[PDB]
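Student: One structure follows; several queries about it will come next.
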Amino acid sequence: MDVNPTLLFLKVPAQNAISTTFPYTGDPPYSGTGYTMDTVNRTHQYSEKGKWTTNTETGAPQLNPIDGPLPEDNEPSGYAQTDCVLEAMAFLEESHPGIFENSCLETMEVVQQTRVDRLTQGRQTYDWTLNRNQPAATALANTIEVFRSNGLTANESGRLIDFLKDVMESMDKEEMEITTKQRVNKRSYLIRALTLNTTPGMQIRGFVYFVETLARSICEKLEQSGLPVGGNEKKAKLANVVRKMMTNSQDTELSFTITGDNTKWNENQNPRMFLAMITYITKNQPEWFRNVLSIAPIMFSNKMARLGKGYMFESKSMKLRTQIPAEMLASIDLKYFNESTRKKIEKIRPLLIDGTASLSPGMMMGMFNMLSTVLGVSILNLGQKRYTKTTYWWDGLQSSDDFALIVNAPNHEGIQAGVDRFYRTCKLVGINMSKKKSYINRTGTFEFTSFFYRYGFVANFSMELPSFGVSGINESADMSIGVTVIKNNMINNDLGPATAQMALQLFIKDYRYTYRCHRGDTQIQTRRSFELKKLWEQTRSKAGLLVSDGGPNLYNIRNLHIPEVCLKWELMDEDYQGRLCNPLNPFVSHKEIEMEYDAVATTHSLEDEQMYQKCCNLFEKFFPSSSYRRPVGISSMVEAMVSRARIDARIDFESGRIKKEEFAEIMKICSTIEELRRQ
Amino acid sequence: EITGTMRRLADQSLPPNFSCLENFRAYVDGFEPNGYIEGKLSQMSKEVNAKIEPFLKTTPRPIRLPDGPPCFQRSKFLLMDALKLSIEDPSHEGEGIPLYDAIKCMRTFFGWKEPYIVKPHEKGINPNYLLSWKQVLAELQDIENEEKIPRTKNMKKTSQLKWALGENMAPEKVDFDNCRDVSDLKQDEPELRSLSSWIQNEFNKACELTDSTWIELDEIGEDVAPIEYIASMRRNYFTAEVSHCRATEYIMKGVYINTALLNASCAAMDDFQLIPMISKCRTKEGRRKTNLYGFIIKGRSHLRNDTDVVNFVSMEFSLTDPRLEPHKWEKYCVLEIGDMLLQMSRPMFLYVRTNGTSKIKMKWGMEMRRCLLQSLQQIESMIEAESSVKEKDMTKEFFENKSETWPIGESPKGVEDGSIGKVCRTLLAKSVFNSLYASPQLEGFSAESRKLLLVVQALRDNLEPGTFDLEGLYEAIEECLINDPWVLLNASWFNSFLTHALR
Amino acid sequence: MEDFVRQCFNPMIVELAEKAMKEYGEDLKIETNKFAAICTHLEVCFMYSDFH
Amino acid sequence: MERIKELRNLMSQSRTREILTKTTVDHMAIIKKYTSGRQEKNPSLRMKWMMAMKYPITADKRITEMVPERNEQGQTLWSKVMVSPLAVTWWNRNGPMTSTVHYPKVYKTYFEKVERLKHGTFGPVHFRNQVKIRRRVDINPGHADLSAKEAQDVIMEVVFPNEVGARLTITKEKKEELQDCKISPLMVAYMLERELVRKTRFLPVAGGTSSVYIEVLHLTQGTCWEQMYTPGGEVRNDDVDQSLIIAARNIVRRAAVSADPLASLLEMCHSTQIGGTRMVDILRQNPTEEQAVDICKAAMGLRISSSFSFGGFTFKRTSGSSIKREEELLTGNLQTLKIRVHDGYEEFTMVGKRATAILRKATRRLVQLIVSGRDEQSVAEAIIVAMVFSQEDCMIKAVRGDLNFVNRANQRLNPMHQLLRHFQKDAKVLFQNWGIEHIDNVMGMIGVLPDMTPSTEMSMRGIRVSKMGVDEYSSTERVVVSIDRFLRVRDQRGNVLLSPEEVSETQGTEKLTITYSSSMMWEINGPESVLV
């Protein structure tokens with residue numbers, strides 16, 4: 001006989017065993033420089049309505065398809081009317097009294113209080129200083145130093161808004177010189193400030209963070225928005241909203257639920273529409289607030305897309321290969337390419353400038369997810385049977401692209417009318433609904449961002465099971481971290497108790513293998529097992545020994561929150577406790593701590609990137625409290641440290657014991673540095 | 001402030017109805033919801049609609065399958081055809097040096113015939129493979145001259161080995177300034193391969209039980225709570241039904257192989273090191289056994305990035321004639337290398353292939369025991385979701401009750417339901433095959449077929465479902481079906497399911 | 001900022017600053033720093049005039 | 001001298017001295033976050049490769065005179081300062097046994113968990129389709145209700161006294177018991193910050209309110225099950241706010257009777273002391289949301305939650321607006337009443353003592369209502385206050401008798417509170433006069449009859465009593481209040497937010513010692529306290 005796993009769906013419903021369809025646990029091997037051109041040409045495909053305007057400061061032609069011609073065919077179109085978006089915003093604000101003003105006040109508090117720290121906490125970014133992708137902190141330091149080398153030194157006040165002011169005044173300077181040194185002119189600098197990678201630039205990140213904070217403050221006060229919440233919270237927002245629909249009295253209700261998704265949702269959102277909806281949200285607000293929040297949409301309206309590495313040609317006869325970058329696409333003939341490459345290059349030749357293509361109506365994935373969710377919640381709010389003025393009425397939950405709708409109408413004839421109205425209004429605001437990856441049924445069974453509802457719940461949303469392997473930082477820290485991660489995934493990203501048991505089992509196996517500490521009970525011997533077996537032989541109560549010292553495991557579900565030392569503490573030997581918990585050991589030092597737990601004897605271990613770190617470490621060496629709490633003080637680093645040094649020298653010379661000449665030399669060096677800081 | 005070169009971009013970002021953005025902001029400030037939505041709807045064409053097309057049991061048509069040349073096997077190592085070479089030796093593990101364990105595997109076999117090669121690669125230098133194998137045997141027997149055993153055999157930079165790893169100098173790196181013009185300076189979509197019969201047999205063998213245990217699952221503390229009792233009774237029954245399965249051997253094999261290769265790709269960054277394919281298990285009588293599936297020769301491993309690829313040659317033992325199914329071994333070259341004592345004395349073959357792997361490809365395969373956890377959760381969900389409607393949950397009726405049978409097979413044109421252990425091993429082997437046969441086609445197929453499955457379920461619950469463009473869904477499904485045997489087997493499975501779902 | 005000022009000052013200075021900001025239509029939701037400065041000035045004046 | 005020498009040779013390079021001279025201390029936090037960020041080279045794999053390597057540990061130089069080079073089998077564990085991991089096990093085997101078993105005073109917060117597990121008697125597992133109840137609970141045992149700033153200001157004093165800020169019983173107790181037995185200042189500081197700082201967050205629970213129930217939430221609650229668990233022995237801060245609640249209730253009750261209630265409330269607040277700390281400071285820094293506590297906070301100028309209180313139930317606006325449109329109405333017993341008729345459509349979520357609900361109400365017409373409570377009389381009270389707020393003429397005509405309800409200060413109540421306090425005691429007329437309709441019992445929704453009996457196909461007009469609880473969404477909002485001289489708080493828009501007339505639903509035990517020292521309160525603590 002032949003074995004077929006999917007046949008199991010014949011006895012068990014789909015939602016009860018849907019986790020069998022998800023093949024991968026984590027991320028599989030994936031796989032460009034041409035793929036960018038495909039997306040660029042597709043974005044300009046849904047926007048070809050003669051709205052070309054040649055840019056004045058970048059010289060790149062720009063499509064402006066907003067409020068253009070209406071769509072005649074069912075194919076996806078990116079032509080959204082401005083007054084429609086503004087009316088959706090107005091009706092959203094009418095349904096929810098003054099939500100925009102509260103969100104705007106919260107965002108004003110954010111922009112007033114935000115330091116430059118929030119700009120370093122991020123993933124890979126695009127450094128224009130080196131024209132390459134770099135980590136967040138390194139790209140930030142590169143931009144800071146290249147600004148400080150020129151006449152741009154406003155960021156040293158600590159405010160992110162001052163860094164944004166520096167970014168503003170940078171585009172006004174005619175030439176920007178980069179030291180490593182060579183000059184760059186204003187045009188190419190504008191190109192580099194408004195160019196993205198396959199990854200935002202360094203300048204746009206502050207404005208995009210502020211816009212995202214505003215969208216977050218808006219989405220927090222919306223039942224129909226499911227982006228800010230995650231996990232069990234989402235569960236409620238499903239079981240609640242369905243109960244607002246299915247539980248209607250006098251059953252004259254026909255409630256149909258659609259599981260939806262918007263195909264090519266990302267490439268149709270025009271940043272000018274975002275500018276419009278922000279301008280309406282910042283209505284009657286102070287002018288500086290609008291001037292700050294509106295920067296990101298303007299930068300996205302005039303933005304370039306970096307192509308990347310390039311292509312590579314191979315000679316079948318001469319046996320020689322050559323690479324061609326993206327910058328050389330202008331001065332080249334079209335004989336060396338196959339038919340598909342030529343077909344893609346022809347439609348993008350007049351768009352590219354300085355090795356980067358021009359993309360006016362574009363928007364990149366994962367940039368304005370929450371503001372896009374606000375836009376979707378607008379149309380979701382337009383179905384309160386008061387703005388439809390008809391018998392059909394809908395409501396639902398919105399995410400970035402995956403949305404779940406529930407529409408009620410008095411008879412089977414009116415449901416399609418409501419669905420068609422919803423779809424056409426989505427087309428009006430630039431939301432192209434996917435007729436392929438969507439389906440309808442009766443209320444009681446649907447999907448929303450991998451959350452499946454069939455008269456019950458299953459949370460296969462973030463069920464990328466945790467790293468069963470060791471975290472690899474330390475002996476006790478790794479065990480505490482692994483068991484705390486298992487405990488967290490048992491409440492946040494719901495998994496069964498037996499799965500958690502087996503996960504702890506695999507983790508303990510990987511932890512005993514990683515640190516060559518299995519136990520003193522097994523015959524297996526690593527480099528370390530002799531000492532472990534000597535321990536096990538001399539220890540009376542074997543259970544008290546830690547797993548890091550070759551001890552037995554007694555962690556289970558009930559005690560995943562207790563650190564290993566405290567759990568086995570009662571069962572330890574007095575000798576073993578004294579030899580383990582001794583703080584006067586030559587093994588540990590107060591470094592790189594932290595949600596981590598107890599620490600014991602098994603707690604062991606631009607110009608130059610560490611320009612800052614040296615200074616910070618020395619300052620911490622002068623004031624230990626700075627390693628715990630953000631320091632407060634108006635004096636400069638040098639004077640504060642010198643005063644600390646002088647006082648410490650005085651106290652450990654007068655009452656303590658230190659050499660008189662050593663004290664003299666210390667204070668001589670201190671006065672030398674005091675004189676040094678005069679220049 | 002918004003000064004020039006910034007205000008200039010602001011004025012060029014507004015809709016094509018204004019010149020200064022101040023006019024736009026004043027227009028937005030005073031706005032009148034006079035019902036522009038209804039006007040724009042009255043103006044829009046009536047073709048723009050989400051016309052619901054009903055979904056009854058007649059509309060589902062079985063998934064189309066590609067036709068063409070038979071699909072070959074591209075798994076990194078032999079799954080059912082590989083042959084073990086036991087030493088039943090307690091050297092007790094881990095720090096144990098794997099090179100001498102492999103040579104004492106070789107010490108236990110006799111009957112090494114002169115290599116008479118059988119199935120060629122059909123494109124490439126075939127005798128170089130048997131020359132490389134002879135070099136392997138020679139370098140193995142040539143340790144007694146070294147006077148110091150090396151812990152790692154670094155193969156000579158021989159011509160056959162430079163070719164088998166593709167290190168022979170390729171097109172040289174030049175610039176376009178001097179290769180501006182050559183007559184042939186050109187720069188490819190895959191071919192459509194049809195499903196073959198061997199992948200189903202591979203899966204069937206993957207669900208079978210074996211002789212050994214293949215797991216060392218560590219301990220868990222005392223159970224002093226009812227949910228702890230339930231979790232233990234689930235996990236230990238699963239471990240008992242899954243441990244001796246062949247898919248567990250596959251998991252451990254992949255883990256050991258990828259671990260050895262990645263560990264060698266750090267210290268052997270310059271020379272061709274011989275990497276043995278060693279696994280370890282425990283026989284039925286409770287004695288630890290060390291198995292050798294074959295050898296692997298690694299190329300240059302300057303793995304700076306994670307996607308950087310190192311080439312290798314896998315030479316694996318087998319007892320299957322390639323002449324039985326030659327279409328399966330497209331990327332394989334076969335060497336009939338001996339006869340072994342079985343007393344049938346069947347011929348022992350060596351399947352040698354050249355392949356390439358990256359750091360991420362290796363690490364996705366060192367964590368293959370996730371295939372266990374996934375299975376457990378996809379079991380545990382069914383124990384909870386299907387049994388959430390109960391006061392005292394159904395947990396001991398799921399197991400311990402052989403009357404409950406689940407559909408897993410169709411031999412006689414009819415459903416052949418099996419027991420619980422077959423279900424556990426089927427899900428385990430499915431997850432494992434997804435791990436090693438991982439391909440983006442499989443991901444796309446899962447994503448697109450899950451929707452069709454959910455709508456089939458909504459119809460089966462009599463919830464009057466309907467679609468918009470079923471042809472679009474079918475196009476998306478047919479788009480990710482080209483040449484992968486695993487994806488095509490899953491497609492045939494879904495076709496069987498749709499055939500046996502009253503449709 | 002706006003909430004913090006209500007902590008480090010007594011309710012009387014807060015009330016007086018709120019009355020004083022209603023002189024020139026100064027909305028305290030925006031001019032938070034002006035509110036803080038006015039509260040500071042009032043408390044300085046009060047601690048200046050007392051006990052003499 | 002090594003540090004000042006590093007300052008010297010560091011202040012030499014221009015680009016390394018400009019940073020040290022220009023940047024002040026206040027901004028040091030923003031200058032530490034400038035890293036290379038090369039760290040994530042698969043740290044599990046790196047740790048395995050480093051453990052496979054000989055002598056990967058780093059120690060100081062004092063190991064040379066403390067542990068041997070060769071162990072009892074001749075195995076090396078040194079280098080030249082790298083260390084083999086076997087040396088750690090050696091040090092744990094026969095090393096310096098010391099008297100620092102004193103440990104469980106800094107790590108008290110973990111031994112507390114261990115003790116709660118020791119006597120944590122268990123219970124059965126009643127499987128059910130668990131529905132998440134969105135509560136806001138604290139996750140810290142025994143922290144004395146100290147915020148992050150005022151707790152770190154104590155940490156700095158007890159562990160780094162020579163560099164304290166420019167600014168209390170715990171500050172003495174901890175400084176005393178770990179005076180000279182310090183372990184590691186950063187470790188002690190982190191542990192005391194975990195032990196002493198409060199933290200309240202928005203979590204979905206299914207029966208756990210106290211700190212002891214949330215710390216073990218993964219045991220009790222899961223996907224579709226629940227485990228009855230009792231640790232034994234509560235914590236300090238789940239009943240610290242209760243005494244402040246009782247004090248605020250008594251203060252408001254005594255102020256409402258006074259001539260000028262607002263000034264009385266202010267003086268009593270600034271003079272009352274709760275557990276050694278003055279009341280107004282707690283009010284300024286406490287996240288407890290109660291009606292009398294909001295009255296007290298509004299009397300001194302602090303922000304409260306937009307939620308308005310009616311019938312002891314706090315309301316939250318979900319969607320919809322309204323217009324005032326005052327209107328006159330005649331009762332069912334010939335009584336003229338001028339009323340503020342809530343016009344338009346509105347959606348509300350009302351949280352109560354032991355019952356919550358979701359209401360959808362149009363102009364003088366109740367559209368939909370979903371209620372869930374614990375007691376039968378409690379859901380009855382919820383339904384009564386909801387019917388009173390519904391403003392339908394059905395309950396106006398159901399008024400039986402003249403409405404003359406006065407406050408404890410002999411004050412004419414608003415017509416809303418008149419109807420409420422009338423229907424609150426005897427309401428069986430309104431039920432039999434409201435109306436019955438058919439339901440379908442879907443999504444676990446049952447109906448209620450006039451005799452307070454559940455039914456599967458019959459309910460009141462537009463009503464549903466929900467099983468497995470109503471989802472309680474408690475969103476945080478902070479808007480300035482407009483307190484008046486009679487202790488009534490209104491929004492900036494002009495909507496009466498809260499008033500004293502609904503505060504007293506229980507007496508008060510004051511689980512912690514409370515002290516009133518103003519003038520008017522020296523009669524609650526018996527006549528014997530008057531003299532003292």
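Note on naming: chains are A, B, ... as they come in the structure tokens, residues start from 1 per chain, ligands start from 1 in the order shown.
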DSSP on the backbone, then: every residue of stretch 263-434 of chain B marked alpha helix (DSSP H), written as JSON, numbers by chain.
Tutor: {"B": [263, 264, 265, 266, 267, 359, 360, 361, 362, 363, 370, 371, 372, 373, 374, 375, 376, 377, 378, 379, 380, 381, 382, 383, 384, 420, 421, 422, 423, 424, 425, 426, 427, 428, 429, 430, 431, 432, 433, 434]}
Student: Find the spatial neighbours of residue D:452, counting only C-alpha atoms, within a cut-off of 9 Å - ignore same-chain residues fewer than 4 positions away - and output them as an MDAnalysis selection string.
Tutor: chainID D and resid 376:377 380 448
Student: Once DSSP has gone over the backbone, tell me which residues of stretch 84-187 of chain B are in strand (DSSP E), as a PyMOL selection string.
Tutor: chain B and resi 112-117+154-155+172-174
Student: Give me the chain A side of the contact with chain C, cut-off 12 Å, one line per residue showing its nearest atom pair and distance in Å at one decimal, counting only C-alpha atoms, sorted by chain and residue number, as CSV.
Tutor:
```
residue,atom,partner,partner_atom,distance
A:101,CA,C:29,CA,10.4
A:102,CA,C:29,CA,10.3
A:104,CA,C:29,CA,10.5
A:105,CA,C:29,CA,7.4
A:106,CA,C:29,CA,10.4
A:107,CA,C:30,CA,11.7
A:108,CA,C:30,CA,8.4
A:109,CA,C:1,CA,7.8
A:110,CA,C:1,CA,10.6
A:112,CA,C:1,CA,9.1
A:113,CA,C:1,CA,8.6
A:284,CA,C:30,CA,11.8
A:285,CA,C:30,CA,8.8
A:286,CA,C:30,CA,7.7
A:287,CA,C:30,CA,11.0
A:288,CA,C:30,CA,10.8
A:289,CA,C:30,CA,10.0
```
Student: List the neighbours of residue A:118 out to 12 Å using only C-alpha atoms; skip same-chain residues closer than 3 positions along the sequence, and give me the result as a ChimeraX atom specification.
Tutor: /A:110-111,113-115,121-123,136-137,140,158-161,205-210,213 /D:29-30,33-34
Student: Using only C-alpha atoms and a cut-off of 10 Å, which residues of chain B sit close to chain D? Please list them as a PyMOL selection string.
Tutor: chain B and resi 95+224-228+259+262-263+266+306+363+381+384-385+387-394
Student: Considering only C-alpha atoms, return as a list in words whatever protein or nucleic-acid residues lie within 8 Å of residue B:446, sequence-local ones (same chain, fewer than 3 positions apart) excluded.
Tutor: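 So the residues in contact are residues 21, 22 and 23 of chain A; 442, 443, 449 and 450 of chain B.
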Student: Neighbouring residues of stretch 410-424 of chain B were defined as those with any atom within 10 Å, considering only C-alpha atoms; residues of the same chain fewer than 4 positions away were excluded. Please report them as a ChimeraX atom specification.
Tutor: /A:1-5,7-8,10-11 /B:207-209,237-242,245,372,375-376,378-379,398-406,428-430,496,500
Student: Give me the residues near residue A:474 as number ranges by chain, where near means some atom within 7 Å (using only C-alpha atoms) and where sequence neighbours in that chain fewer than 4 positions away do not count.
Tutor: A: 478, 603-605
Student: Can you work out the spacing between atom CA of residue B:358 and atom CA of residue B:277 in Å, to one decimal?
Tutor: 17.7 Å
Student: Could you jot down the atom CA of residue B:350 to atom CA of residue B:278 separation for me, Å, one decimal place?
Tutor: 15.9 Å
Student: Can you pull out every residue within 10 Å of residue A:541, counting only C-alpha atoms, but drop anything in the same chain fewer than 5 positions away, and send it as a list in words?
Tutor: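 Result of the neighbour search: residues 536, 571, 572, 573 and 576 of chain A.
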Student: Put those residues in a file: N, CA and C atoms, as an mmCIF file, in the first residue's frame.
Tutor:
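Heads up, here's the output in again.cif:
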```
data_model
loop_
_atom_site.group_PDB
_atom_site.id
_atom_site.type_symbol
_atom_site.label_atom_id
_atom_site.label_comp_id
_atom_site.auth_asym_id
_atom_site.auth_seq_id
_atom_site.Cartn_x
_atom_site.Cartn_y
_atom_site.Cartn_z
ATOM 1 N N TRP A 536 30.444 13.778 41.267
ATOM 2 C CA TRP A 536 29.315 12.901 41.546
ATOM 3 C C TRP A 536 29.659 11.854 42.596
ATOM 4 N N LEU A 571 18.365 21.153 48.063
ATOM 5 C CA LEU A 571 18.898 19.803 47.937
ATOM 6 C C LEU A 571 20.415 19.767 47.813
ATOM 7 N N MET A 572 21.077 20.920 47.813
ATOM 8 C CA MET A 572 22.523 20.949 47.678
ATOM 9 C C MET A 572 23.198 20.551 48.986
ATOM 10 N N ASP A 573 24.484 20.237 48.885
ATOM 11 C CA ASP A 573 25.314 20.010 50.055
ATOM 12 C C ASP A 573 25.923 21.329 50.511
ATOM 13 N N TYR A 576 28.998 21.910 48.798
ATOM 14 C CA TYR A 576 28.778 22.246 47.396
ATOM 15 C C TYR A 576 28.248 23.666 47.241
#
```
Student: Counting only C-alpha atoms, a student should be able to say which residues of chain D come within 7 Å of chain C; what is the right answer, written as a list in words?
Tutor: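 Therefore, the residues near the partner are residues 284, 300, 301 and 302 of chain D.
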Student: With distances taken over only C-alpha atoms, which of A:502, A:307, A:152, A:357 is nearest to chain B?
Tutor: A:502
Student: Let me make sure I understand: among B:136, B:344, B:488, B:456, which one has the smallest atom-to-atom distance to chain A if we use only C-alpha atoms?
Tutor: B:456
